[PDB]
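Notes for the one structure printed next.
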Amino acid sequence: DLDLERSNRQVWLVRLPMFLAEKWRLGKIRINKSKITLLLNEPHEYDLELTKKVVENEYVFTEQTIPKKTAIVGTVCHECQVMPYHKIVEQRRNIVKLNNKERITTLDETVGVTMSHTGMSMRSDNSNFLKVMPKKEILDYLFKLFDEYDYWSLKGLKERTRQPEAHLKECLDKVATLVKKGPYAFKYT
Amino acid sequence: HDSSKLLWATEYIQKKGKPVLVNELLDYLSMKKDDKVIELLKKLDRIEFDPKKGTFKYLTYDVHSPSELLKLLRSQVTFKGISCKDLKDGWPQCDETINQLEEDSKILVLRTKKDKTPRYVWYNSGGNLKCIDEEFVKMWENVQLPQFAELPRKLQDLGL
């Protein structure tokens, strides 16, 4: 149900410096008729330029195969750009050419105290990172187990029983026929 | 589960190895006194539960004689060849009988002494004929042969 609301909400588009726009993430625009400005909420005053006059084929939309909800706002009316205690911002621009990073610290002791933890030190681990039946009686349980699952492997059977596995292996060859391959591999019958 | 009680009685029919009575086997199995296991007892092809009193006869391989064994060798003509597991159960001690039935009378399979000759079913016509010395065997294997049409051409140089 992608539709159009108006396509007539005429807006503008201004390019800003970095310190004010990222701060925004309510002043007063003074329009003098062909040189406008802005009374900023406090604070300084800056001048706007017309970046482009013909700004046709440029509009504005919003959003709330898999389609999704489309919300068509309006158009663009004109192109704008903000141009600029101006020496303090130049000093702030001069302070931008001073930032850097640190340097590598030097461990300054008697060395062998720090060097003792390298090879052998006899201080192991200190971390939890990667440390890792009767014949007739068992056959009665085996017939009870064959009544539930007949075509079943002996791996979980040694787990489910967990009793005398040698006596379990003897009874498995006694009154049962273990199928070798096929779908019921290692499964009694 | 009565199938566990019937198979243990069927094992008791093989463990007895004789023709015991049905009520005596019911007394030998003691607690087993049902009648549906006797219905599958005569229905069992391995346990020959005959109607003439209590007769319990097993199956597998009835060849308990070397004369029966030669007929078994004449049975598998252009077919297959069995091991010896049915033979050792239908007859006690068979590998000694293989040694006495030498010369194509029991071409078995002497697998290993540790395997106690895991025998097979075969028989030739002469079989043994072991008077060939092993010195003759090495000289039989030390000869290289000019292949293809060379050896027919060398036979005309030799005589054949």
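As shown in the structure tokens, the chain order sets the letters A, B, ...; within each chain, residues go from 1, and ligands are also counted from 1 in the order they appear.
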
Can you pull out every residue from chain B that DSSP, working from the backbone, puts in helix (DSSP H, G or I), and format the result as a ChimeraX atom specification? /B:2-16,22-28,36-43,66-75,85-90,95-100,134-141,150-158

Neighbouring residues of residue 16 (chain A) were defined as those with any atom within 10 Å, considering only C-alpha atoms; residues of the same chain fewer than 5 positions away were excluded. Please report them as JSON, numbers by chain. {"A": [21, 22, 80, 81, 82, 83, 84]}

Output file for the residues above (N, CA, C and O atoms, as a PDB file, in the first residue's frame):
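Everything below was put into result.pdb:
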ATOM      1  N   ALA A  21      26.248  20.952  13.950  1.00  0.00           N
ATOM      2  CA  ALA A  21      25.284  19.956  13.497  1.00  0.00           C
ATOM      3  C   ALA A  21      25.348  18.698  14.353  1.00  0.00           C
ATOM      4  O   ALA A  21      24.316  18.093  14.664  1.00  0.00           O
ATOM      5  N   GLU A  22      26.556  18.294  14.750  1.00  0.00           N
ATOM      6  CA  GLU A  22      26.688  17.125  15.611  1.00  0.00           C
ATOM      7  C   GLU A  22      26.279  17.442  17.041  1.00  0.00           C
ATOM      8  O   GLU A  22      25.950  16.531  17.809  1.00  0.00           O
ATOM      9  N   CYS A  80      20.970  25.437   0.042  1.00  0.00           N
ATOM     10  CA  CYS A  80      21.540  26.391   0.982  1.00  0.00           C
ATOM     11  C   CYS A  80      22.817  25.829   1.595  1.00  0.00           C
ATOM     12  O   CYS A  80      23.076  24.624   1.554  1.00  0.00           O
ATOM     13  N   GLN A  81      23.615  26.727   2.174  1.00  0.00           N
ATOM     14  CA  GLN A  81      24.850  26.347   2.861  1.00  0.00           C
ATOM     15  C   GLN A  81      25.222  27.458   3.831  1.00  0.00           C
ATOM     16  O   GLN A  81      25.188  28.635   3.460  1.00  0.00           O
ATOM     17  N   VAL A  82      25.575  27.090   5.061  1.00  0.00           N
ATOM     18  CA  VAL A  82      25.930  28.068   6.085  1.00  0.00           C
ATOM     19  C   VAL A  82      27.400  28.441   5.937  1.00  0.00           C
ATOM     20  O   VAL A  82      28.276  27.568   5.903  1.00  0.00           O
ATOM     21  N   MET A  83      27.671  29.743   5.831  1.00  0.00           N
ATOM     22  CA  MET A  83      29.019  30.273   5.792  1.00  0.00           C
ATOM     23  C   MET A  83      29.264  31.164   7.004  1.00  0.00           C
ATOM     24  O   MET A  83      28.445  32.041   7.300  1.00  0.00           O
ATOM     25  N   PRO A  84      30.372  30.962   7.732  1.00  0.00           N
ATOM     26  CA  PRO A  84      30.678  31.812   8.887  1.00  0.00           C
ATOM     27  C   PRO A  84      31.114  33.218   8.487  1.00  0.00           C
ATOM     28  O   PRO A  84      30.260  34.102   8.411  1.00  0.00           O
TER      29      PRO A  84
END

Please report as a PyMOL selection string which residues of chain A come no farther than 12 Å from chain B, using only C-alpha atoms. chain A and resi 135-148+171+174-176

Next, the residues of the selection above should be written as a CSV table (one decimal), in the first residue's frame with C-alpha atoms.
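And here's part32.csv as it stands now:
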chain,number,residue,atom,x,y,z
A,135,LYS,CA,21.5,-63.7,31.7
A,136,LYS,CA,17.7,-64.0,32.1
A,137,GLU,CA,17.4,-60.7,33.9
A,138,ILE,CA,19.2,-58.5,31.4
A,139,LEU,CA,17.4,-60.3,28.5
A,140,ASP,CA,14.1,-59.4,30.1
A,141,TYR,CA,15.1,-55.7,30.2
A,142,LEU,CA,16.4,-56.2,26.6
A,143,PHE,CA,13.1,-57.6,25.5
A,144,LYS,CA,11.5,-54.6,27.3
A,145,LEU,CA,13.9,-52.4,25.4
A,146,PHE,CA,13.3,-54.2,22.1
A,147,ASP,CA,9.5,-53.7,22.6
A,148,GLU,CA,10.0,-49.9,22.6
A,171,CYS,CA,22.7,-61.1,25.3
A,174,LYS,CA,22.2,-64.4,22.1
A,175,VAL,CA,18.5,-63.7,21.3
A,176,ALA,CA,19.0,-60.8,18.9

So that I can check the surroundings of region 31-36 of chain B, please list as a count of residues only every protein, DNA and RNA residue that reaches within 9 Å of it, counting only C-alpha atoms and ignoring chain neighbours fewer than 4 positions away. 10

For residue 80 (chain B), work out the shell of residues within 10 Å, counting only C-alpha atoms and skipping chain neighbours fewer than 5 positions away, then give it as number ranges by chain. B: 75, 121-122

Enumerate, as a PDB file with N, CA and C atoms, in the first residue's frame, the complete set of residues in region 64-176 of chain A that a backbone-based DSSP assignment places in strand (DSSP E).
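Output (selection-v5.pdb):
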ATOM      1  N   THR A  70       5.886   3.074   2.905  1.00  0.00           N
ATOM      2  CA  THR A  70       6.505   4.226   2.264  1.00  0.00           C
ATOM      3  C   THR A  70       5.704   5.478   2.594  1.00  0.00           C
ATOM      4  N   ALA A  71       6.404   6.556   2.949  1.00  0.00           N
ATOM      5  CA  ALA A  71       5.773   7.816   3.314  1.00  0.00           C
ATOM      6  C   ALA A  71       6.429   8.964   2.560  1.00  0.00           C
ATOM      7  N   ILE A  72       5.713   9.476   1.562  1.00  0.00           N
ATOM      8  CA  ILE A  72       6.227  10.487   0.644  1.00  0.00           C
ATOM      9  C   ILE A  72       5.924  11.872   1.192  1.00  0.00           C
ATOM     10  N   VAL A  73       6.958  12.553   1.683  1.00  0.00           N
ATOM     11  CA  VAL A  73       6.785  13.856   2.316  1.00  0.00           C
ATOM     12  C   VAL A  73       6.535  14.927   1.262  1.00  0.00           C
ATOM     13  N   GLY A  74       7.605  15.537   0.753  1.00  0.00           N
ATOM     14  CA  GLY A  74       7.455  16.657  -0.154  1.00  0.00           C
ATOM     15  C   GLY A  74       8.695  16.888  -0.990  1.00  0.00           C
ATOM     16  N   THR A  75       8.807  18.116  -1.487  1.00  0.00           N
ATOM     17  CA  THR A  75       9.845  18.465  -2.443  1.00  0.00           C
ATOM     18  C   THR A  75      10.922  19.328  -1.799  1.00  0.00           C
ATOM     19  N   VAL A  76      11.924  19.677  -2.598  1.00  0.00           N
ATOM     20  CA  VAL A  76      12.987  20.576  -2.164  1.00  0.00           C
ATOM     21  C   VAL A  76      12.834  21.902  -2.893  1.00  0.00           C
ATOM     22  N   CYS A  77      12.841  23.000  -2.137  1.00  0.00           N
ATOM     23  CA  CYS A  77      12.565  24.317  -2.693  1.00  0.00           C
ATOM     24  C   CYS A  77      13.815  25.102  -3.068  1.00  0.00           C
ATOM     25  N   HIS A  78      14.900  24.993  -2.298  1.00  0.00           N
ATOM     26  CA  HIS A  78      16.128  25.711  -2.621  1.00  0.00           C
ATOM     27  C   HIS A  78      17.312  25.032  -1.951  1.00  0.00           C
ATOM     28  N   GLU A  79      18.510  25.265  -2.488  1.00  0.00           N
ATOM     29  CA  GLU A  79      19.745  24.727  -1.929  1.00  0.00           C
ATOM     30  C   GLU A  79      20.472  25.806  -1.136  1.00  0.00           C
ATOM     31  N   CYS A  80      20.970  25.437   0.042  1.00  0.00           N
ATOM     32  CA  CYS A  80      21.540  26.391   0.982  1.00  0.00           C
ATOM     33  C   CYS A  80      22.817  25.829   1.595  1.00  0.00           C
ATOM     34  N   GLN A  81      23.615  26.727   2.174  1.00  0.00           N
ATOM     35  CA  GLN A  81      24.850  26.347   2.861  1.00  0.00           C
ATOM     36  C   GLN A  81      25.222  27.458   3.831  1.00  0.00           C
ATOM     37  N   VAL A  82      25.575  27.090   5.061  1.00  0.00           N
ATOM     38  CA  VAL A  82      25.930  28.068   6.085  1.00  0.00           C
ATOM     39  C   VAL A  82      27.400  28.441   5.937  1.00  0.00           C
ATOM     40  N   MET A  83      27.671  29.743   5.831  1.00  0.00           N
ATOM     41  CA  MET A  83      29.019  30.273   5.792  1.00  0.00           C
ATOM     42  C   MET A  83      29.264  31.164   7.004  1.00  0.00           C
TER      43      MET A  83
END

Set the distance at 10 Å and use only C-alpha atoms: which residues neighbour region 53-68 of chain B once local chain neighbours fewer than 6 positions away are removed? I'd like the list as a count of residues only. 37
